[PDB]
Structure formats: C-alpha cells, structure tokens
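The chain below stands alone and is given in structure tokens; this is the form deposited in one PDB entry.
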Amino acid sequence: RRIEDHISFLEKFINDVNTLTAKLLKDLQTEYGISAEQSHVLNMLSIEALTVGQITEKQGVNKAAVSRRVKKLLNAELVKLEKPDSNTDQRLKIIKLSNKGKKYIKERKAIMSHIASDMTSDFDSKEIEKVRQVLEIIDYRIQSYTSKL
C-alpha cells in the first residue's frame, strides 16, 4: 500500500526518465544510424567491455535480439571485437567501444548533463547528496539480491 505506492511512483519515474532521454537523444541516434536500444548497448559498454552473453541476461531478454543489435553496431563500427586476455579463456569474444562509439557516448553525456544541471541549479547540493546516499543503498540491495536470483 505505502510501499506499493512508492513502487508505483518509482516505475512512473523511471519510465518518465526514459521518455525524456529518448526525445533528447533522437537526433544524435539518428546521426549515428542507430535505434534507442542499440544506443542502450553503447551505454552499457562505456561502463565496461562485455560479451553478448553478459549483456543479455543483464537486461534480461530473448538471446537473439541482443545478438542482432550487437551485429548492427559492429557494422556501424561503433563497437569492436577484442580478445584482451588475462583470464581463463573458454571460447568467447569481448565486445568494447570503438572510438566513434565513445565519441557518441560523450555527445550523449554532454546533452544529459546540461539538461540535468539546468533542472537542478536551484537545488541544495547537500540535499541531493543525501538522496543519492539512500538510492545508493537501494541500488546496493537490488544488486546483491539479483546476484542471488
């Protein structure tokens, strides 16, 4: 009820961020020849290099579709196929960003930062910090809970 309304507000809030994001980024994506979700993959890999398998369940959806979008990015040359080994090799391919992929990620960050900043310039810095602290522990708990299924 209580917690049920908080959960409902968090869904609306995330959905609203997604909706603003998509609209602010439609032009940039269009410039690079990619869709919103291909763009998502690029945001995940700007965090770290990954393999199709690692990004599939960590977004949790049908295996093939993700494979498709990684193939589309490779041919758009926004991403690369590497083997920077120093850890038990089985069979697998490491996917990381090309330098055009990082250029996009920086165009995207600058657009998100200006808008986030503008909408937040009247806020009290210590108030935002306290809020982040609370979401940091929620993030932490979500993460550890997920690791246990």
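Residues that one form lacks are left out of the comparison. Whichever C-alpha set is largest while still superposing within 1.5 Å between the two forms counts as the rigid core. The numbering used is simple: start at 1 and walk along the sequence shown.
Although not depicted, the form deposited in another entry is the subject of the following passage.
> State yes or no: after fitting on the rigid core, is the Cα displacement of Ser144 between this form and the one not shown at least 2 Å?
Moves: yes, 2 Å or greater.
> My question is whether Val17 is one of the residues whose C-alpha shifts by 2 Å or more between this form and the one not shown, given a fit on the rigid core.
It does not, since the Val17 C-alpha is displaced less than 2 Å between this form and the one not shown after the core fit.
> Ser121: CA shift of at least 2 Å between this form and the one not shown after core fit?
Comparing the forms between this form and the one not shown, which are aligned on their rigid core, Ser121 does shift its C-alpha by 2 Å or more.
> Superpose on the core, then tell me which runs of at least 3 consecutive residues have all their CA atoms shifted by 2 Å or more between this form and the one not shown.
The run that moves is 117-149, and no other.
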